[PDB]
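Novice: One structure follows; several queries about it will come next.
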Amino acid sequence: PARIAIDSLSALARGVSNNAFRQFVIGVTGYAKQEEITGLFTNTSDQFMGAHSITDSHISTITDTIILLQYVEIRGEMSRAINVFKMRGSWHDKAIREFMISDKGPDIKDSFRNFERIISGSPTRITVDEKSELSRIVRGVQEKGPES
Amino acid sequence: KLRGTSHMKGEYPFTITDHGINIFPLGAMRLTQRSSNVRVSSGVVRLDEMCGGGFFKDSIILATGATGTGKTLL
Amino acid sequence: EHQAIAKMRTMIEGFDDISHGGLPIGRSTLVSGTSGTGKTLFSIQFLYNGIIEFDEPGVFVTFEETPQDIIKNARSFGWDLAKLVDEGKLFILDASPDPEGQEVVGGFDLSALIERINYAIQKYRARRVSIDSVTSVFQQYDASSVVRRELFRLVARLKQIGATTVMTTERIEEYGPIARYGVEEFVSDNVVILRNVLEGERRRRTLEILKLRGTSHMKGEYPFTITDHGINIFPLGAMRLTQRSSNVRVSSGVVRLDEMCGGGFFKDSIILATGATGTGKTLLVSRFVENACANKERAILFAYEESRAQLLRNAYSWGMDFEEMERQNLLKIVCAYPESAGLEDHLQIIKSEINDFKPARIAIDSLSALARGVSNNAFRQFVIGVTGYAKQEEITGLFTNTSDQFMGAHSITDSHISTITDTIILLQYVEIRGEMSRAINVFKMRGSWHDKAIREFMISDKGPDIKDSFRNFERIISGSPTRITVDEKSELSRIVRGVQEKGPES
Amino acid sequence: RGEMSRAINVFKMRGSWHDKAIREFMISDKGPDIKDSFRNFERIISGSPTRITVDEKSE
Ligand SMILES: Nc1ncnc2c1ncn2[C@@H]1O[C@H](COP(=O)(O)OP(=O)(O)OP(=O)(O)O)[C@@H](O)[C@H]1O
Ligand SMILES: Nc1ncnc2c1ncn2[C@@H]1O[C@H](COP(=O)(O)OP(=O)(O)OP(=O)(O)O)[C@@H](O)[C@H]1O
Ligand SMILES: Nc1ncnc2c1ncn2[C@@H]1O[C@H](COP(=O)(O)OP(=O)(O)OP(=O)(O)O)[C@@H](O)[C@H]1O
Ligand SMILES: [Mg+2]
Ligand SMILES: [Mg+2]
């Protein structure tokens with residue numbers, strides 16, 4: 001193969017000890033690496049929303065690029081977000097983009113610019129006067145320019 | 001032990017297959033993997049953009065998220 | 001030296017510190033351990049170093065190995081015993097049995113042996129004696145009391161003769177009785193235990209001086225390694241807190257940082273960079289290593305997370321050409337999986353390479369990676385070891401730590417190395433407007449003033465650009481702050497309308 | 001509001017599309033009645049919401 005994907009390293013960690021597991025990861029990881037095979041590995045975090053570490057098993061240092069998916073509760077609704085957490089040789093986007101899933105597949109929309117605490121799964125929506133300043137009613141300093 | 005010379009120490013896992021004993025010296029693998037600047041697509045264009053032009057051919061990519069978030073889609 | 005007992009140096013690396021001078025002269029030291037622990041090697045090294053450094057002839061008594069084998073095997077460490085046997089400095093006295101023999105002979109032989117060994121000692125004018133595996137001799141058909149008497153007889157005659165002896169013994173359990181018959185322990189003047197402990201599929205060798213009638217010594221277990229140079233022991237608790245301390249500064253390879261650190265790092269200092277995965281600890285390391293080359297100084301980058309190739313691709317993408325540093329013979333890259341060894345080994349490889357390359361700067365990318373698996377106490381011990389070596393050697397050291405949780409990390413380190421370190425550089429993700437920005441912070445610095453700001457910074461091909469602090473924010477460390485505004489729009493250059501040019505002209 | 005209400009959510013479904021709303025629901029003798037989402041609330045998931053009651057754009 002040119003590419004390899006393992007759907008759920010996190011399912012292989014079931015039972016086994018962390019040290020035996022880490023050993024397995026380095027195993028399939030370095031084999032792929034020395035073989036010029038691009039590999040995409042999957043990890044299901046044990047808790048939805050609020051996850052404080054990329055991986056529970058602490059593999060995220062043994063990896064080059066990290067793609068992170070997370071639920072964001074927006075208005076009584078469960079939406080997704082995707083973020084290129086890190087990429088070793090490149091620049092990658094720093095946005096936590098919202099994204100939907102359809103028959104067409106994944107559509108990556110925009111970031112939740114007007115929110116705080118997104119990482120947490122339950123943001124705090126927050127415009128309460130958007131970036132045009134409490135001077136939307138622009139004072140009336142402009143009461144001169146126009147005349148008769 | 002091997003009186004007179006050196007050797008790797010410790011336990012090493014192995015499997016008995018149709019080709020007999022197969023041992024993996026997981027601690028004998030060297031940190032000499034080749035590294036290029038060549039890119040490759042994710043299967044998602046917008047993703048590719050976010051990653052500055054695609055995943056590196058020489059790379060380990062990890063997709064994490066809660067159950068149902070769509071790792072399996074990616 | 002205030003010790004009541006005259007000792008003889010073994011010249012085995014680290015042993016004389018542990019034993020507060022070497023083996024008591026005129027007495028015998030039991031050295032016991034399981035199979036493959038290094039007994040035979042210790043006793044050989046004892047005679048060998050004795051001949052090559054003090055011109056003290058030696059008598060080696062072998063009950064199982066063959067004189068050819070003892071000579072063949074010593075070549076592993078580059079020792080030519082054959083030459084010394086030749087010059088009459090070393091005499092191997094073959095006491096092994098015959099592949100063709102009978103049955104019965106372990107006590108008048110114990111007299112035949114005494115009389116024999118006295119001949120050899122007398123003839124070669126020997127001062128050191130090693131008896132290899134006395135155990136195997138009564139392993140003919142004996143019970144505890146018979147062993148205690150025979151041993152005692154031998155040790156005793158040897159003391160009369162005036163010889164300093166090393167007697168080797170076997171044990172079956174790593175932590176059980178000291179030696180087989182549970183009797184040798186008390187019959188010898190000094191006891192040394194060689195252990196080769198399992199624990200998690202890795203093996204760790206330790207040496208312990210359990211007793212030395214008459215003098216003091218270091219207590220407990222000490223990790224050691226058998227190399228091409230024989231036994232090598234690290235008395236990590238024998239390391240003194242007398243490292244030289246200067247006020248001299250050095251660059252980090254990042255100017256803005258240097259400012260932040262009130263004029264760059266101290267030459268004499270241990271620096272720590274921690275932050276979640278992806279924050280850029282590796283970038284800073286790269287830039288700290290490169291800086292010692294641009295100043296024509298030698299530096300070593302010990303990498304435990306990235307290949308030498310990858311390290312290079314990535315480095316080049318950040319400017320800095322690692323290729324050149326290599327050729328110019330200013331930069332040396334190591335690289336190794338933490339699993340490809342035990343901490344002891346690792347520690348020695350690092351020391352080793354610092355001696356062959358005499359760096360002025362050293363960088364360990366990810367101590368936190370070396371902590372994978374190992375127990376915290378074994379890890380802390382490793383850190384004090386590499387840290388302290390560097391310190392007493394005037395070598396500036398930059399160590400990396402990846403924190404297990406991005407954002408919201410409540411302690412600088414999960415392993416609590418935070419007191420062992422002089423300067424702490426802290427990297428973190430800040431969620432600002434649906435986006436992950438980074439922030440850098442000089443958390444502490446021992447002899448300087450350093451900036452207290454948590455500056456935001458970007459990473460480009462040019463490398464790290466350190467911008468400004470997030471003044472109008474609260475809950476920064478939390479990782480996802482709250483923006484509050486007494487201002488923001490306040491000056492800095494308001495004067496609206498047409499303030500820019502575009503690409504054409506300006 | 002000082003009361004313990006319920007909510008239901010189709011957290012995930014592998015082949016389908018399912019609704020992503022966290023819908024309030026009651027239980028009677030008739031069984032389960034699924035009403036509407038808590039659109040004007042924050043931290044629902046946490047169990048202890050905060051209704052937004054935004055002073056709109058406030059003109
Ligand atoms: N045809 C579809 N149309 C819209 N959404 C879909 C469709 N199929 C699946 N989905 C959505 O995508 C999710 C499936 O996730 P996916 O199979 O990608 O793997 P995962 O989340 O990484 O891991 P796991 O399924 O084990 O939890 C569902 O929970 C659902 O919300
Ligand atoms: N050059 C070398 N480099 C590293 N290790 C070596 C080298 N030569 C030998 N060794 C190691 O040292 C060990 C030698 O043990 P040694 O012969 O000293 O006696 P022993 O283990 O105490 O007793 P026994 O006679 O039961 O084997 C070998 O097991 C091997 O692992
Ligand atoms: N050329 C580049 N241009 C812009 N950003 C880059 C470039 N190269 C790397 N980066 C950024 O720097 C990050 C790499 O982190 P770095 O190699 O410094 O080590 P780390 O964060 O300390 O440790 P680790 O990589 O093991 O997690 C990437 O995730 C990315 O955001
Ligand atoms: Mg799945
Ligand atoms: Mg790194």
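In the structure tokens, the first chain shown is A, the next is B, and so on; residue numbers restart at 1 for each chain, and ligands run from 1 in the order shown.
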May I have the residues of chain A within 8 Å of chain D, counting only C-alpha atoms, written as a PyMOL selection string?

Specialist: chain A and resi 73-79+101-102+122-124+128-129

Novice: Give me, as a PyMOL selection string, the contact residues of chain B against chain D at a cut-off of 12 Å, counting only C-alpha atoms.

Specialist: chain B and resi 66-73

Novice: Could you save those same residues with N, CA and C atoms as a PDB file, in the first residue's frame?

Specialist:
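Written file, part29.pdb:
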ATOM      1  N   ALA B  66     -14.828  12.564  19.920  1.00  0.00           N
ATOM      2  CA  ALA B  66     -15.794  11.743  20.591  1.00  0.00           C
ATOM      3  C   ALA B  66     -16.395  10.710  19.620  1.00  0.00           C
ATOM      4  N   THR B  67     -17.073   9.733  20.160  1.00  0.00           N
ATOM      5  CA  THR B  67     -17.772   8.749  19.339  1.00  0.00           C
ATOM      6  C   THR B  67     -18.719   9.610  18.488  1.00  0.00           C
ATOM      7  N   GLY B  68     -19.046   9.172  17.272  1.00  0.00           N
ATOM      8  CA  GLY B  68     -19.980   9.902  16.420  1.00  0.00           C
ATOM      9  C   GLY B  68     -19.528  11.167  15.730  1.00  0.00           C
ATOM     10  N   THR B  69     -18.375  11.718  16.106  1.00  0.00           N
ATOM     11  CA  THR B  69     -17.901  12.952  15.471  1.00  0.00           C
ATOM     12  C   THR B  69     -17.534  12.814  13.994  1.00  0.00           C
ATOM     13  N   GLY B  70     -17.225  11.591  13.540  1.00  0.00           N
ATOM     14  CA  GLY B  70     -16.881  11.368  12.139  1.00  0.00           C
ATOM     15  C   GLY B  70     -15.446  11.013  11.772  1.00  0.00           C
ATOM     16  N   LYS B  71     -14.725  10.376  12.684  1.00  0.00           N
ATOM     17  CA  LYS B  71     -13.358   9.970  12.387  1.00  0.00           C
ATOM     18  C   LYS B  71     -13.453   8.979  11.215  1.00  0.00           C
ATOM     19  N   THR B  72     -14.395   8.043  11.336  1.00  0.00           N
ATOM     20  CA  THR B  72     -14.585   7.001  10.351  1.00  0.00           C
ATOM     21  C   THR B  72     -14.914   7.557   8.970  1.00  0.00           C
ATOM     22  N   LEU B  73     -15.486   8.758   8.906  1.00  0.00           N
ATOM     23  CA  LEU B  73     -15.784   9.377   7.629  1.00  0.00           C
ATOM     24  C   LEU B  73     -14.440   9.799   7.051  1.00  0.00           C
TER      25      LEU B  73
END

Novice: So how far away is CA of residue 93 in chain C from CA of residue 120 in chain C, in Å?

Specialist: 7.9 Å

Novice: Show me which bits of chain A are within 10 Å of chain C, counting only C-alpha atoms, as a ChimeraX atom specification.

Specialist: /A:18-20,22-23,26,30,33-34,51-66,83-91,93-98,110-120,123-124,133

Novice: So that I have them on file, write out the residues from the current selection with N, CA and C atoms, as a compact mmCIF listing (two decimals), in the first residue's frame.

Specialist:
# COMPACT_ATOMS: atom_id res chain seq x y z
N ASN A 18 -1.10 0.08 29.14
CA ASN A 18 -0.67 1.24 28.39
C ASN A 18 0.71 1.08 27.80
N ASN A 19 1.60 0.44 28.55
CA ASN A 19 2.94 0.27 28.02
C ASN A 19 3.02 -0.73 26.90
N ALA A 20 2.14 -1.74 26.92
CA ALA A 20 2.13 -2.73 25.84
C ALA A 20 1.54 -1.98 24.64
N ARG A 22 1.48 1.38 23.98
CA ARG A 22 2.40 2.37 23.40
C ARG A 22 3.41 1.67 22.50
N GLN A 23 3.84 0.49 22.95
CA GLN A 23 4.82 -0.32 22.21
C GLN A 23 4.26 -0.75 20.85
N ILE A 26 4.16 2.48 18.53
CA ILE A 26 5.47 2.80 17.98
C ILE A 26 5.72 1.77 16.90
N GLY A 30 6.29 3.44 13.33
CA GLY A 30 7.61 3.49 12.73
C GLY A 30 7.77 2.61 11.50
N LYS A 33 6.34 4.63 8.80
CA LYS A 33 7.25 5.75 8.59
C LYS A 33 8.49 5.39 7.78
N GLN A 34 9.16 4.30 8.16
CA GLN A 34 10.35 3.87 7.43
C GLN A 34 9.97 3.30 6.06
N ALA A 51 -13.11 16.98 26.79
CA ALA A 51 -11.91 16.16 26.73
C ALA A 51 -10.74 17.11 26.97
N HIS A 52 -9.94 16.82 27.99
CA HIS A 52 -8.81 17.68 28.30
C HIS A 52 -7.46 17.31 27.70
N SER A 53 -7.38 16.10 27.15
CA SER A 53 -6.16 15.65 26.51
C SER A 53 -6.52 15.07 25.14
N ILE A 54 -5.64 15.27 24.17
CA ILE A 54 -5.86 14.75 22.82
C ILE A 54 -6.14 13.25 22.89
N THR A 55 -5.25 12.52 23.53
CA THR A 55 -5.46 11.11 23.63
C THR A 55 -5.33 10.72 25.04
N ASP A 56 -6.11 9.72 25.41
CA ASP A 56 -6.12 9.21 26.76
C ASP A 56 -4.87 8.41 26.98
N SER A 57 -4.41 7.72 25.94
CA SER A 57 -3.20 6.89 26.02
C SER A 57 -1.86 7.62 25.78
N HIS A 58 -1.92 8.92 25.51
CA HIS A 58 -0.74 9.79 25.29
C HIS A 58 0.20 9.39 24.13
N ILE A 59 -0.42 9.26 22.96
CA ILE A 59 0.25 8.90 21.73
C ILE A 59 0.50 10.21 20.97
N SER A 60 -0.48 11.25 21.13
CA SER A 60 -0.31 12.46 20.41
C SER A 60 1.20 12.97 20.19
N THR A 61 2.37 12.56 21.05
CA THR A 61 3.84 13.00 20.70
C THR A 61 4.47 12.11 19.61
N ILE A 62 3.90 10.90 19.44
CA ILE A 62 4.41 9.91 18.50
C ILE A 62 3.83 10.16 17.11
N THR A 63 3.05 11.21 17.00
CA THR A 63 2.36 11.55 15.77
C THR A 63 2.78 12.92 15.15
N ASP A 64 2.77 12.97 13.82
CA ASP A 64 3.15 14.17 13.07
C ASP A 64 2.04 15.20 12.90
N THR A 65 0.86 14.74 12.47
CA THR A 65 -0.27 15.65 12.28
C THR A 65 -1.50 15.20 13.04
N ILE A 66 -2.10 16.16 13.76
CA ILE A 66 -3.27 15.89 14.56
C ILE A 66 -4.47 16.67 14.07
N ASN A 83 -10.57 20.79 13.65
CA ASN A 83 -9.42 21.66 13.85
C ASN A 83 -8.11 20.90 13.58
N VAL A 84 -7.22 21.53 12.82
CA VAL A 84 -5.93 20.92 12.51
C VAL A 84 -5.13 21.38 13.73
N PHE A 85 -5.08 20.52 14.75
CA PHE A 85 -4.41 20.86 16.01
C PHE A 85 -2.88 21.17 15.88
N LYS A 86 -2.19 20.30 15.14
CA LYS A 86 -0.79 20.51 14.86
C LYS A 86 -0.41 19.78 13.59
N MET A 87 0.64 20.32 12.96
CA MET A 87 1.21 19.77 11.74
C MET A 87 2.67 20.12 11.75
N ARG A 88 3.51 19.10 11.81
CA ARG A 88 4.93 19.33 11.95
C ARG A 88 5.75 20.13 10.95
N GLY A 89 5.62 19.86 9.66
CA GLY A 89 6.43 20.65 8.75
C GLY A 89 5.74 21.80 8.06
N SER A 90 4.42 21.88 8.23
CA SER A 90 3.61 22.88 7.57
C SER A 90 3.07 24.01 8.44
N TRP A 91 2.23 24.81 7.83
CA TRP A 91 1.63 25.89 8.50
C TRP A 91 0.19 25.61 8.97
N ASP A 93 -4.14 25.73 9.15
CA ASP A 93 -5.09 26.71 9.64
C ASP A 93 -5.29 26.57 11.18
N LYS A 94 -5.42 27.66 11.92
CA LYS A 94 -5.65 27.55 13.36
C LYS A 94 -7.16 27.68 13.71
N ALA A 95 -8.04 27.55 12.74
CA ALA A 95 -9.43 27.74 13.08
C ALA A 95 -10.18 26.48 13.50
N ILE A 96 -11.14 26.66 14.39
CA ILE A 96 -11.94 25.54 14.80
C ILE A 96 -13.19 25.76 13.99
N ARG A 97 -13.20 25.12 12.83
CA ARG A 97 -14.28 25.20 11.86
C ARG A 97 -15.46 24.30 12.13
N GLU A 98 -16.65 24.81 11.89
CA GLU A 98 -17.82 23.99 12.08
C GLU A 98 -17.95 23.16 10.82
N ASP A 110 -17.42 27.59 8.53
CA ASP A 110 -16.63 28.63 9.21
C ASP A 110 -16.36 28.38 10.66
N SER A 111 -15.54 29.25 11.23
CA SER A 111 -15.22 29.19 12.64
C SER A 111 -16.34 29.88 13.45
N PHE A 112 -16.39 29.61 14.76
CA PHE A 112 -17.39 30.22 15.63
C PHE A 112 -16.70 31.44 16.20
N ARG A 113 -16.55 32.47 15.38
CA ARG A 113 -15.84 33.65 15.83
C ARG A 113 -16.45 34.37 17.02
N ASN A 114 -17.77 34.38 17.10
CA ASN A 114 -18.45 35.09 18.18
C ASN A 114 -18.74 34.29 19.46
N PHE A 115 -17.89 33.31 19.73
CA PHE A 115 -18.03 32.45 20.90
C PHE A 115 -16.81 32.36 21.80
N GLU A 116 -17.07 32.01 23.04
CA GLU A 116 -16.00 31.81 23.98
C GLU A 116 -16.15 30.39 24.49
N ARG A 117 -15.06 29.83 25.00
CA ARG A 117 -15.08 28.45 25.52
C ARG A 117 -15.72 27.47 24.54
N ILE A 118 -15.08 27.28 23.40
CA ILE A 118 -15.59 26.34 22.42
C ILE A 118 -14.96 24.99 22.73
N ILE A 119 -13.67 25.04 23.02
CA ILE A 119 -12.94 23.81 23.28
C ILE A 119 -13.68 22.88 24.22
N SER A 120 -14.43 23.49 25.12
CA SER A 120 -15.18 22.79 26.13
C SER A 120 -16.46 22.04 25.71
N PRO A 123 -20.09 26.25 24.41
CA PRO A 123 -19.67 27.66 24.27
C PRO A 123 -20.59 28.64 24.94
N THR A 124 -20.15 29.88 24.96
CA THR A 124 -20.94 30.95 25.50
C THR A 124 -21.08 31.91 24.29
N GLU A 133 -18.69 49.18 17.67
CA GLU A 133 -18.66 50.03 18.92
C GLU A 133 -20.07 50.60 19.33

Novice: With a distance threshold of 10 Å and counting only C-alpha atoms, extract the residues of chain B near chain C and express them as a PyMOL selection string.

Specialist: chain B and resi 1-6+8-13+25-37+58-59

Novice: Output N, CA, C and O atoms for every residue in that selection, as an mmCIF file, in the first residue's frame.

Specialist:
data_model
loop_
_atom_site.group_PDB
_atom_site.id
_atom_site.type_symbol
_atom_site.label_atom_id
_atom_site.label_comp_id
_atom_site.auth_asym_id
_atom_site.auth_seq_id
_atom_site.Cartn_x
_atom_site.Cartn_y
_atom_site.Cartn_z
ATOM 1 N N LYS B 1 22.000 -14.154 29.002
ATOM 2 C CA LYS B 1 23.436 -13.892 28.990
ATOM 3 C C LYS B 1 24.149 -14.592 27.873
ATOM 4 O O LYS B 1 23.691 -15.607 27.397
ATOM 5 N N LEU B 2 25.275 -14.039 27.448
ATOM 6 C CA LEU B 2 26.120 -14.644 26.404
ATOM 7 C C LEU B 2 27.531 -14.301 26.869
ATOM 8 O O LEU B 2 27.973 -13.180 26.610
ATOM 9 N N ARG B 3 28.232 -15.201 27.566
ATOM 10 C CA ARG B 3 29.574 -14.878 28.041
ATOM 11 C C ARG B 3 30.454 -14.441 26.871
ATOM 12 O O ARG B 3 30.467 -15.135 25.843
ATOM 13 N N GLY B 4 31.207 -13.337 26.999
ATOM 14 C CA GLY B 4 32.041 -12.913 25.898
ATOM 15 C C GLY B 4 31.514 -11.828 24.965
ATOM 16 O O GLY B 4 32.329 -11.142 24.365
ATOM 17 N N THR B 5 30.215 -11.621 24.795
ATOM 18 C CA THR B 5 29.798 -10.538 23.884
ATOM 19 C C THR B 5 28.622 -9.809 24.432
ATOM 20 O O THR B 5 28.210 -10.091 25.523
ATOM 21 N N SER B 6 28.042 -8.923 23.634
ATOM 22 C CA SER B 6 26.894 -8.164 24.043
ATOM 23 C C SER B 6 25.619 -8.717 23.393
ATOM 24 O O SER B 6 25.648 -9.656 22.581
ATOM 25 N N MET B 8 20.999 -7.656 23.151
ATOM 26 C CA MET B 8 19.933 -6.815 23.636
ATOM 27 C C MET B 8 19.455 -7.484 24.900
ATOM 28 O O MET B 8 19.543 -8.707 25.032
ATOM 29 N N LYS B 9 18.978 -6.686 25.839
ATOM 30 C CA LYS B 9 18.545 -7.243 27.088
ATOM 31 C C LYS B 9 17.053 -7.189 27.228
ATOM 32 O O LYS B 9 16.392 -6.446 26.524
ATOM 33 N N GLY B 10 16.501 -7.983 28.118
ATOM 34 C CA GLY B 10 15.082 -7.867 28.306
ATOM 35 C C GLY B 10 14.284 -8.813 27.474
ATOM 36 O O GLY B 10 14.881 -9.660 26.792
ATOM 37 N N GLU B 11 12.952 -8.697 27.573
ATOM 38 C CA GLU B 11 12.029 -9.533 26.851
ATOM 39 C C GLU B 11 11.638 -8.915 25.524
ATOM 40 O O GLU B 11 11.551 -7.700 25.363
ATOM 41 N N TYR B 12 11.446 -9.793 24.545
ATOM 42 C CA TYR B 12 11.009 -9.396 23.220
ATOM 43 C C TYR B 12 9.907 -10.361 22.815
ATOM 44 O O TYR B 12 10.028 -11.616 22.939
ATOM 45 N N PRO B 13 8.776 -9.783 22.392
ATOM 46 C CA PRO B 13 7.611 -10.559 21.975
ATOM 47 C C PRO B 13 7.858 -11.196 20.630
ATOM 48 O O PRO B 13 8.548 -10.660 19.731
ATOM 49 N N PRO B 25 12.008 -6.900 17.564
ATOM 50 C CA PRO B 25 12.883 -6.197 18.502
ATOM 51 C C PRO B 25 12.463 -4.769 18.407
ATOM 52 O O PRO B 25 13.169 -3.960 17.839
ATOM 53 N N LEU B 26 11.285 -4.482 18.952
ATOM 54 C CA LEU B 26 10.690 -3.143 18.908
ATOM 55 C C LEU B 26 11.598 -2.045 19.469
ATOM 56 O O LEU B 26 11.411 -0.859 19.171
ATOM 57 N N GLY B 27 12.588 -2.447 20.261
ATOM 58 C CA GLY B 27 13.524 -1.488 20.819
ATOM 59 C C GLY B 27 14.794 -1.462 19.978
ATOM 60 O O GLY B 27 15.756 -0.781 20.311
ATOM 61 N N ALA B 28 14.799 -2.222 18.886
ATOM 62 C CA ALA B 28 15.955 -2.281 17.988
ATOM 63 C C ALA B 28 15.689 -1.459 16.737
ATOM 64 O O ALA B 28 16.566 -1.303 15.885
ATOM 65 N N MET B 29 14.469 -0.951 16.616
ATOM 66 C CA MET B 29 14.129 -0.154 15.452
ATOM 67 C C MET B 29 14.768 1.210 15.602
ATOM 68 O O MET B 29 14.631 1.850 16.644
ATOM 69 N N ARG B 30 15.457 1.661 14.561
ATOM 70 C CA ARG B 30 16.122 2.949 14.625
ATOM 71 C C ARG B 30 15.304 4.153 14.176
ATOM 72 O O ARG B 30 14.370 4.042 13.373
ATOM 73 N N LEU B 31 15.678 5.303 14.731
ATOM 74 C CA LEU B 31 15.046 6.588 14.465
ATOM 75 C C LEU B 31 15.732 7.243 13.241
ATOM 76 O O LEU B 31 16.235 8.380 13.321
ATOM 77 N N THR B 32 15.735 6.489 12.123
ATOM 78 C CA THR B 32 16.320 6.873 10.812
ATOM 79 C C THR B 32 15.302 6.745 9.649
ATOM 80 O O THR B 32 15.634 6.196 8.580
ATOM 81 N N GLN B 33 14.074 7.225 9.857
ATOM 82 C CA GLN B 33 13.045 7.162 8.821
ATOM 83 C C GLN B 33 13.201 8.343 7.869
ATOM 84 O O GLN B 33 13.381 9.492 8.293
ATOM 85 N N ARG B 34 13.133 8.044 6.577
ATOM 86 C CA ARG B 34 13.265 9.049 5.532
ATOM 87 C C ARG B 34 12.124 10.091 5.618
ATOM 88 O O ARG B 34 10.966 9.727 5.914
ATOM 89 N N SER B 35 12.458 11.371 5.367
ATOM 90 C CA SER B 35 11.488 12.482 5.438
ATOM 91 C C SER B 35 11.451 13.486 4.271
ATOM 92 O O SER B 35 12.373 14.294 4.100
ATOM 93 N N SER B 36 10.351 13.455 3.515
ATOM 94 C CA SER B 36 10.159 14.337 2.367
ATOM 95 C C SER B 36 9.215 15.488 2.609
ATOM 96 O O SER B 36 8.565 15.572 3.657
ATOM 97 N N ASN B 37 9.104 16.343 1.589
ATOM 98 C CA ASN B 37 8.246 17.528 1.628
ATOM 99 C C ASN B 37 7.042 17.355 0.737
ATOM 100 O O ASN B 37 6.260 18.283 0.562
ATOM 101 N N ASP B 58 5.104 11.540 3.816
ATOM 102 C CA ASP B 58 5.820 10.935 4.918
ATOM 103 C C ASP B 58 5.274 11.494 6.209
ATOM 104 O O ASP B 58 5.759 12.523 6.713
ATOM 105 N N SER B 59 4.246 10.835 6.734
ATOM 106 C CA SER B 59 3.673 11.276 7.983
ATOM 107 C C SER B 59 2.647 10.348 8.574
ATOM 108 O O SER B 59 2.055 9.491 7.902
#

Novice: Have a look at CA of residue 56 in chain C and CA of residue 126 in chain C and let me know their distance in Å, one decimal.

Specialist: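 Atom-to-atom, CA of residue 56 in chain C to CA of residue 126 in chain C, that is 6.6 Å.
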
Novice: Excluding same-chain residues fewer than 5 positions from residue 6 in chain C, what lies within 9 Å of it counting only C-alpha atoms, as a PyMOL selection string?

Specialist: chain C and resi 21-26

Novice: Name all residues at most 9 Å from residue 34 in chain D (count only C-alpha atoms; drop same-chain ones fewer than 5 positions away) and give them as a PyMOL selection string.

Specialist: chain D and resi 7-8+23-27

Novice: Please return, as a VMD selection string, all residues of chain B that DSSP assigns to helix (DSSP H, G or I) on the basis of the backbone.

Specialist: chain B and resid 45 to 50

Novice: Between A:108, A:67, A:72, A:134, which is the closest to ligand 3 once you count only C-alpha atoms and all ligand atoms?

Specialist: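 Residue with the minimum atom-to-atom distance to ligand 3: A:67.
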
Novice: Show which residues sit within 8 Å of residue 124 in chain C, as a VMD selection string. Count only C-alpha atoms, and ignore same-chain residues fewer than 3 positions away.

Specialist: chain C and resid 57 to 58 88 to 91 120 to 121
